[PDB]
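Presented as structure tokens, the chain that follows is alone, the form deposited in one PDB entry.
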């Protein structure tokens, strides 16, 4: 193995009197001729090394053969038809299908044929109350602008000319008269502003005559406004905001002539949104005086915050509310997995929905008179599945099995909890092919993130599935720093407590060995971005803990990350070398780049990154890889794979990592 030559410069940096050498400073410029040449050479070496792997092409083919597959969404009633989305598995955009009691399903709206390239995409979709008219917004390329088209459902032809200059808008019908939408500019003609306004479009009229509903007078100026009409057409709810944090909310009783807007919340101190109404009672989801949120009710005739009353009190877990079939469904995240509770509109707990196991859910959204509801379920061992739920009995039946070439019963996903160094308990979800033997010899990949209040919830991955099909184990740890247990869990993994994140990950690794799942020479750690940091730190503190290290797009230079493009936004979680001498010593103490040491024997490593990236600059990966090649004294290869310029590329990347990981664990033949 012959690593390219990496020039060492004389750049020296100073932090509170302390000097730190940065020999690869020049590699921070990913667009200099010298760096691109370095990239080119590193890739040649990496590829040459991977071409030495016998089963690489086999793993690739297997992945490509299982990567794409058909999908289907839950069906919804609109007028005299049931609608549902479908996807060939190849089609860029989902197609909307329609079905009528008698005949068989038929294609209704295919967004793919609206763009020669398949760019023009479907955004919002809203049917009129009777289901006879369809309003839908389409977005071109990566634009924010929209047009709202009106289609006659029965004929499938354009009802009227489409509405233009629509942006950050919903579409909410008022019976069969027309609908509310948002826009920054008068339907007439004028010069731009950042004053978002709500307009009502009455069918059979020109857009230029749409009436102003909210947002024009100075007292109503806001950057973002939304409008929603309740299912029973009784109330109009208008939200107004200037940012993603907090919003004002107003209500208008449409059952009364020229009713004025009443204020549900007149300040931006908190988030409040409409769930539904029952009679004159409003059901609102809000985080006002409740970080984990609560569901409250208040009469529409006097809706101010002082009159709100808890229907579903704030709990230790963050609440999400869905409504359907005359029921309210409280969704939570417990130990990173879903839990759903059913309630009636009077706050009486009906039952705890019995989900198909531990995982992630979607659905439980429907109309008042839907006889049944649908929900999606999935996790590391089970591909997205559609289930039917009987509101009254609570009976759950399989509606649509996944078309993914992976039979769920052949896989196991068990939940475990271990203890960190200080004694903290941490969740760990291990998945694998059924029939595993706890002999501690299974090629294992341990994944983690740990930070930015990001919570790692289970989700199906074709790549992971293929890993399991190779006899491998996939373990995901919910390290501190994430958002699996509120704020206290997040802070325990930030600033001068970041080391807690690494310890937790370290503890997870030892657990997998102790419990006989794998062993050092059969273990690999993986992570991306803040996750790459995780891998980089752990591999520099405990290079004896694993056999393989797979850091992707990681933040590795902890002393200069903040000076790079987009690095500013991660200061809250990490702190900076400039903050104070104390912060500097901590950052320098674990910074991957600065903790690689000459003479040490590091695990087999494959650093991955794109050649250019604004979120996490390649500089981190380039300098880290260069340092590992120069310092490592063992037999393990320190490689970096740089993606240049797509499912093809994704498939190729997964193959290289798995092929490499297995090849580095000694396998000279696929496991088994």
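Basically, rigid core = biggest C-alpha set you can superpose within 1.5 Å across the two forms. Positions refer to the first chain, counted from 1.
Neighbours in the displayed sequence, residue 645 and residue 646 may still hide a gap; how many deposited residues lack coordinates there, none, 1 to 3, 4 to 9, or 10 or more?
Gap between residue 645 and residue 646: 4 to 9 unmodelled residues.
Taking residue 423 and residue 424 as adjacent modelled residues, how many residues of the deposited sequence between them have no coordinates (none, 1 to 3, 4 to 9, 10 or more)?
The entry leaves nothing out here.
Higher average CA B factor in the deposited record is what I'm after, so tell me if that's 511-519 or 266-274.
Taking the mean B-factor of the alpha carbons in each, 511-519 is higher.
Higher average CA B factor in the deposited record is what I'm after, so tell me if that's 114-122 or 253-261.
Here the higher of the two C-alpha B-factor means belongs to 114-122.
Report the option among 217, 578, 225, 549 whose CA atom has the maximum B-factor in the deposited record.
578 has the highest C-alpha B-factor of those listed.
Between 378, 160, 208, 72, which one tops the list for C-alpha B-factor in the PDB entry?
72 has the highest C-alpha B-factor of those listed.
Residue 24 - which third its CA temperature factor falls in, relative to the rest of the chain
Within its chain, residue 24 is a lowest-third residue by C-alpha B-factor, going by the deposited values.
Test of reading the entry: by CA B factor among the chain's modelled residues, which third contains residue 81?
Answer is highest: the recorded C-alpha B-factor places it there.
For residue 492, return the chain-relative third of its C-alpha B-factor as stated in the PDB record: lowest, middle or highest.
Its C-alpha B-factor, which the entry lists for residue 492, ranks in the highest third among residues of this chain.
Quick check for you: using the entry's CA B-factors within this chain, is residue 331 in the lowest, middle or highest third?
Middle third of the chain for residue 331's C-alpha B-factor.
Ranking the modelled residues of this chain by C-alpha B-factor as given in the entry, is residue 594 in the lowest, middle or highest third?
Answer is middle: the recorded C-alpha B-factor places it there.
Only in words, not in the display: the form solved in complex with a partner chain, which the text now covers.
In the entry with it bound, residue 315 touching the partner chain (heavy atom, 4.5 Å):
Answer yes; at least one heavy atom of residue 315 falls within 4.5 Å of the partner chain in the entry with it bound.
Flag residue 486 as yes or no: does it have a non-hydrogen atom within 4.5 angstroms of any non-hydrogen atom of the partner chain in the entry with it bound?
Output for residue 486 is yes: heavy atoms within 4.5 Å of the partner chain.
Looking in the entry with it bound, any heavy atom of residue 320 within 4.5 Å of the partner chain?
The answer is no: residue 320 has no heavy atom within 4.5 Å of the partner chain.
Is the gap between residue 269 and the partner chain in the entry with it bound 4.5 Å or less for some heavy atom pair?
Although the partner chain is absent here, residue 269 would touch it in the entry with it bound, with heavy atoms inside 4.5 Å.
Which among 285-293, 215-223, 505-513, 320-328 is in contact with the partner chain in the entry with it bound, heavy atoms within 4.5 angstroms?
That would be 285-293.
Which residue, 123, 335, 231, 453, has a heavy atom that falls within 4.5 Å of the partner chain in the entry with it bound?
It is 453.
Core-superposed comparison between this form and the one not shown: the option from 302, 563, 497, 245 whose CA moves 2 angstroms or more:
The answer here is 245.
Quick check: residue 378 between this form and the one not shown - does its CA shift reach 2 Å or more after fitting the rigid core?
No; residue 378 is a residue whose C-alpha shifts by less than 2 Å between this form and the one not shown when the cores are overlaid.
So, does residue 356 move by 2 Å or more at the CA between this form and the one not shown, with the core held fixed?
Superposed on the core, residue 356 moves its C-alpha less than 2 Å between this form and the one not shown.
For residue 430, does the CA position differ by 2 Å or more between this form and the one not shown when the superposition is done on the rigid core?
Not so; residue 430 is displaced by less than 2 Å.
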